[PDB]
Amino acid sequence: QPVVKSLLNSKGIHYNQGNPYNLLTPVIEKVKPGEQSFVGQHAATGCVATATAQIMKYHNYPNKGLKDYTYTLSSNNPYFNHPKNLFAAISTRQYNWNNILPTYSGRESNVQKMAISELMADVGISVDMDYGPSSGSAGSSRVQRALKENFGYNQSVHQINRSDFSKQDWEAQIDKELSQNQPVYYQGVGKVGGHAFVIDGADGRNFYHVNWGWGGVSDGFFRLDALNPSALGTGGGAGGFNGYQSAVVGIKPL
C-alpha cells in the first residue's frame, strides 16, 4: 500500500452539513409529532452531499453545470407539507471556484457563503435528498449518476460494491485512485447508522485517511473494515460503517 498524504487536508478542504453550508437547503416547515421544533431552520445538507462536494472542490470542477434536476420528497417526510417538489437549474450554473472556498470559519463574505451553499443544495437535489434536521440519500448509486449526468464528470466515474471483490482487490482499487490524486467517495452502515464520507489518503500499513464530513471531527486513519469514529455512539460502546459498503471511484473531470 503506497503512502499518500491526505489529499483533502493538503488543500485545506473541510466542509460539514450545517451553517454556512446549508444556507440554501429547504427551510423546515413542520414540527414532527413527539419532536422539538426545527421549523424555520434550514435542513442539513446530508452526508452524501457534503462528501461529494468536498471531492468536487478538490477538482474545482465543473465550471458550468450540464443538466437540471427535479424530484419530489417522500410523503412520509414529516418536516414538509406535501407534495413538495425540488428543482436545481444546474444547466445554467457557472460555479466560481474562487468563491467556493476550501473551508469556512465564519468571517467569509456572504458571496463566499452562498457559493458553497449553492453547490451543496445542487448536489443534494441531484441525489434526491430526503431533507430534515438530518438529511439522507441512497448515496453511491445516485452520486455516480449525478457526477456524470448533471456535473459533467468523466465516464470513468462508477460505483463499486465491497461484496464484489476480495479485500486485496478492493484496497488495490482504492490505492490506484489515491495514486492518481483522486479522492474516493465511500459509504457504509452499521450500529451507529449509515454515513457517507471521503477516503483521501493511506499510511502504508493498510489504514486509510478519512474525512467524515463533520468539519474535521474524528478525521484520521482507519482500516476499511473498522470505519468507527469515536464522535458517534452513546453509552460507551463500539460501532462503525462496516456493512454494505460501496464507493464511487474514477472521479475526475471529462
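Residues carry their position along the shown sequence, with the first being 1.
For the pair 43-51 and 58-66, the mean B factor over Cα atoms is greater in 58-66. Remark: stretch with higher mean C-alpha B factor among 23-31 and 200-208 is 200-208.
Listed residues 117, 92, 137, 109 were ranked by CA B-factor as deposited; 92 comes out on top. Per the deposited record, 233 carries the highest C-alpha B-factor of all listed residues (18, 240, 12, 233).
In the deposited entry, the Cα temperature factor of residue 151 sits in the middle third of values across the chain's modelled residues.
Placement of the Cα temperature factor of residue 102 within the chain: middle third of the modelled residues, per the deposited record.
Among all modelled residues in this chain, the alpha-carbon of residue 166 has a temperature factor (C-alpha) in the highest third. Among the modelled residues of its chain, residue 213 has a C-alpha B-factor that falls in the middle third, as given in the PDB entry. Annotation for residue 195: CA B-factor lies in the lowest third of the chain's modelled residues.
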